[PDB]
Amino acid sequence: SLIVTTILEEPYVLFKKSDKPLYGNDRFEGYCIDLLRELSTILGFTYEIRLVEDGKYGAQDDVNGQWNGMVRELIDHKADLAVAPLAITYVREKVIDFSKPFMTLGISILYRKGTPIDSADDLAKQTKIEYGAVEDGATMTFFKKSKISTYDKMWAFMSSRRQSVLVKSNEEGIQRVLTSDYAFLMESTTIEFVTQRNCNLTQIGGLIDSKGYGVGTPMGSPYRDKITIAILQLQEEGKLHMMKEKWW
């Protein structure tokens, strides 16, 4: 059986609800869990789902350059696959492999309806309305590395207020939008999940960038090409879209 690392994140992975105790893979459900099952159906492997111990996706430390999260598990061969809303990025692609994307997306803004704010530029040029991102994720890294004036300005604002405006999870960011005057820079797929359930919330502007989620494997893994082919098959037979419709 392959060891599959993943992390709790609605509606990709959550704990299945039951009146009775649940065990093993049966404990989990969500889009990535359905995806994993479908990949299993196509490729013929068995697997054990394990939540990443440190609760992180995968970033490199500023000082020592140590990797953490699901990415680190793959690097050290403590897992065979990572199946999660894990963004395919330049810095990650240099240390692990990714399948072709099972979802395509971009950074955008979660905020409230009915305001004058219509774009990232509107946020960048003011300070009354606070804004931020999940600390150390692909979204924050985008802003940290941008040489675009607007996003450059936004990173200056965020980094000078790290403790106060950067959050530890999508959920935290979402709650802050719901309970303070705050705009949350977050991935469009997850924004769409939220706005479908909170009628007062909306995406502001369009996508700021473009990226995919891919299944991660340790570099040199034989499963990378197999998983890519299975994802393409699922895409083409319309299964990925059915799964999205199911969970969103």
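From 1 onward, residues are counted along the sequence shown. Rigid core: the largest C-alpha set superposing within 1.5 Å between the two forms.
Peer 1: May I ask which stretch, 151-159 or 102-110, sits farther from the shown form in 4 other deposited structures of this protein once every structure is superposed on the core, judging by RMS CA distance?
Peer 2: After superposing on the rigid core, the more displaced stretch in 4 other deposited structures of this protein is 151-159.
Peer 1: Once everything is fitted on the core, do the CA positions of 92-100 or those of 141-149 lie farther from the shown form in 4 other deposited structures of this protein?
Peer 2: Per-stretch check in 4 other deposited structures of this protein: the more divergent one is 141-149.
Peer 1: Taking the recorded C-alpha temperature factors, which stretch has the higher mean, 140-148 or 167-175?
Peer 2: For C-alpha atoms only, the mean B-factor is higher in 140-148.
Peer 1: When the Cα temperature factors in the entry are averaged, is it 103-111 or 153-161 that ends up higher?
Peer 2: Between 153-161 and 103-111, it is 153-161.
Peer 1: For the listed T195, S210, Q60, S188, which has the peak Cα B-factor recorded in the PDB entry?
Peer 2: Top of the list by C-alpha B-factor: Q60.
Peer 1: Which has the highest CA B-factor per the PDB entry: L35, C199, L51, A183?
Peer 2: Within the set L35, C199, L51, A183, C199 shows the top C-alpha B-factor.
Peer 1: Within this chain, which third does the Cα B-factor at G132 fall in: lowest, middle or highest?
Peer 2: It falls in the middle third of the chain.
Peer 1: By its CA B factor, does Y47 count among the lowest, middle or highest third of the modelled residues in the chain?
Peer 2: Middle third - that is where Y47 ends up once the chain's C-alpha B-factors are sorted.
Peer 1: Ranking every modelled residue in this chain by its Cα temperature factor as given in the entry, which third contains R72?
Peer 2: Its C-alpha B-factor, which the entry lists for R72, ranks in the middle third among residues of this chain.
Peer 1: By its CA B factor, does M219 count among the lowest, middle or highest third of the modelled residues in the chain?
Peer 2: Its C-alpha B-factor, which the entry lists for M219, ranks in the highest third among residues of this chain.
Peer 1: Split into thirds by Cα B-factor across the chain's modelled residues, where does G30 land: lowest, middle or highest?
Peer 2: Within its chain, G30 is a lowest-third residue by C-alpha B-factor, going by the deposited values.
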